[PDB]
Structures are given as C-alpha cells and as structure tokens.
C-alpha cells in the first residue's frame, strides 16, 4: 500500500460552502489532511459516510485537520448535490472534483473499468506522509469517530516519538 509514502502534487477544482476554489498539494503543507474518496455523487444511498464526517468536522477543524472529499465528478456536480441533498448540505469542507482521475490515481484508488474512485480514506501529516489507510467495498461503511481515533493516535506519536 501507499502507507508511509509522500503524497504527490495535484491541482484540482473544488466546492466549499458556496464557493469554487483551487486545491493543490501546497494547501496541505503544514497541516494534517484527510482525503476521503467515494464512487459518485447523486446515487440513491444517502451519503451517511460523508455526513458522518461532516458531523465531526468542527471537532476536525480542531487538533488541526483539513478535510478533502474526492470523487471523479466535477466541482459543478458537487455544488448541485450540496443544494439537493440535505445530508450533503451539512458539508463545510472542500469537495474536490477529479474528472481527469489524476488525484484518484495519485492515491492508486481508481476502479479503471468504472472511472470512479474506491471507498478509501487517507490521513496525511504536515510533511505529506500518509499515516493511515482505510478501504472498503460497497456496503461496508466507514466510521468517522474511528477515523478521529487514528488521527489523534497519529498526532500523539508524531509529538512523542516512540
């Protein structure tokens, strides 16, 4: 896996609380980042995983972690979904659009026969090193609280080596 490797450079468009912005690897430097990948916008399962992360976001602006959700849809589509789904509307973190699939492939997380990303979460430290990885098949949800545990543990070790 990509555990303990450095994230690669990227430049993508995103939707965040009503505005369109640019996100690059430079925006992660000096912060803790969570890259939350999912298959697609607008499907019919309510996105509890995205919503669950939203519930913990305040607590996530925190201990110092930025959250970037990612799918191969465009930022345009994320904006639409943010206005259509009451669950998605709760999202205050950046929703990255990855139509070329470069971000997804950077994290080796593309389902090539579908053009969609797999359900994978990555925790990246201020130096751009992936410290935790979680991937699940459709139907097996990711628990945000548990994500938080890992992140706290990740932070301790980093300030208390060993």
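Positions refer to the first chain, counted from 1.
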Can you let me know which of the two, 84-92 or 71-79, has the higher average C-alpha B-factor in the entry?
84-92
With respect to the recorded C-alpha B factors, which stretch has the higher mean value, 53-61 or 116-124?
53-61
Temperature factor at the Cα of residue 46, chain-ranked in thirds, falls in the highest
Which third of the chain does residue 98 land in by C-alpha B-factor: lowest, middle or highest?
lowest
Is the Cα B-factor recorded for residue 2 in the lowest, middle or highest third of its chain?
lowest
Is the Cα B-factor recorded for residue 66 in the lowest, middle or highest third of its chain?
middle
